[PDB]
Each structure stands twice: as C-alpha cells, then as structure tokens.
Protein chains: 2
Amino acid sequence: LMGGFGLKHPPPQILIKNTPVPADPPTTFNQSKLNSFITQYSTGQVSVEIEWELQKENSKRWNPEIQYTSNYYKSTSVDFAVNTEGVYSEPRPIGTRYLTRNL
Amino acid sequence: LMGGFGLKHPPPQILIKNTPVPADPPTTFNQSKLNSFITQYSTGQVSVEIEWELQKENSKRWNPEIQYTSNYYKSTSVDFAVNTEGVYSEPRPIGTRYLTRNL
C-alpha cells in the first residue's frame, strides 16, 4: 500500500554487529559472564548493484508529452545539489507517472 | 547560416510536370506550334523516408536536466493538434538545444 513491489522472497536482511572483545578478566575464576568490554566500532564501504528491467515507451501519440524537467528559471541554488554549506537536499518528491498511455 | 546541414551534394531536386496533351489540331497543316491544350492536372501520393543517425546522451550530471515538455496546465485546445475546425497549428518554434554538456 505504500508503493513498490510486493515480494514473497524480498532481498534478505543483511545483519551485522561488532564481535565482542572482553577487557582483562579477573585472575581468579568467576562463573559470571564477562560484562566489561573493549569499546570499539567498525567502518568500511558497502556497494549495492541492482539490475532493473525497463519497458520502453512506444507512444504513437502525435503531440508532445509531459516530461519531468528542471524549471529553466534562475535560482539561488541548483535543485538536487549541495548548498553553500555542503548539505544535499531533494526539494520535491518525484513520482513516475509522467508519460501517458490509453486505457 | 539559416541552420541545418551544409551539403556539397544535397538531395537532388525532383522536378515534375504534366505532359502536354494537345486539343484537336487543324485539318490543314500549319507550321505554328500548337497552343491549344487539354486542361488537366495530376494527383497522387509521395513518400519520403529518411534515416537519421543519433548520438545518444551520456550525461554524468547529478541533478535533473531541462527537457522539452508540454505544460501540464489545462487549455481550451491541445498544442500541436487540430482545432474544432480541423486546422492543424504549431503554437511555438521548438529548437534542439535542451540537454546541456560541458565546454
């Protein structure tokens, strides 16, 4: 209902955690689980490649259609670009329904 | 200077005329060329197929470009369509320079 593709077997969930690394344990055995750990965090890169199948438009319409276009008028800052502080922002929500087709 | 492709050997000129068909000549020889003709005109269809080579756009730009689009607002009559009397009209002159590229 929120849009998208309903899948019975969607991309699985990739779960990840940092393996615990205990701090120096007592020098005498204590049955209690170790609660002291070395503080750490991990970083790194992640890539995600998706192949999409398209269905090209074969419109035999005569007059021009409605395309999504960045309005030609001059602005302070380009749309879908970083401002003067390096903060990227998407100004409006873009849908897909632009091209028309008969019913 | 008016735009287009300058060609040294452009598509040739296809010339066409109706061959003359003289009206009934005198029954006695007159050296003068016949000036009386049967009034006629010809009609028919003509096709012209042209193959154009394209150069697809490979823009690696991030934000959206400026596309030519039929304005979404409601009008009395569709643009580039026939009016209520069957008269086709092109409302504005459309150029090609829409997509941008670096210098």
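All heavy atoms count here, side chains included; hydrogens, waters and symmetry mates do not. Each chain gets a letter, A, B and so on, in the order its sequence line appears, and its residues count up from 1.
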For the residue pair [X] and [Y], what are the closest heavy atoms and their distance?
X: A:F80; Y: B:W62; value: O-CD1, 3.2 Å
X: B:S70; Y: A:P64; value: OG-O, 2.9 Å
X: B:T69; Y: A:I66; value: OG1-CA, 3.6 Å

**Joint hydrophobic cluster, A:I50 plus A:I14, side-chain heavy atoms closer than 4.5 Å** = no
**Request:** Hey, could you give me the OH/OH distance between A:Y98 and B:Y72, rounded to the nearest 0.5 Å?
**Result:** 9.0 Å
**Request:** Report the C-alpha separation of A:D79 and B:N63 in whole Å, then their side-chain angles, then the decisive distance to 0.1 Å, and conclude whether the side chain to side chain contact (heavy atoms under 4.5 Å, CB included) test is met.
**Result:** CA-CA 7 Å; A:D79 287 307; B:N63 59 142; 5.8 Å; no
**Message:** Counting neighbours of CD1 on A:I94 that are heavy atoms of other residues, nucleotides or ligands and sit closer than 6.0 Å, is the number greater than 12?
**Reply:**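 It does: A:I94 CD1 has more than 12 such atoms within range.
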**Item:** Atom group of B:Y68 that falls short of 4.5 Å from chain A, counting heavy atoms
**Value:**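 Both parts, heavy atoms under 4.5 Å.
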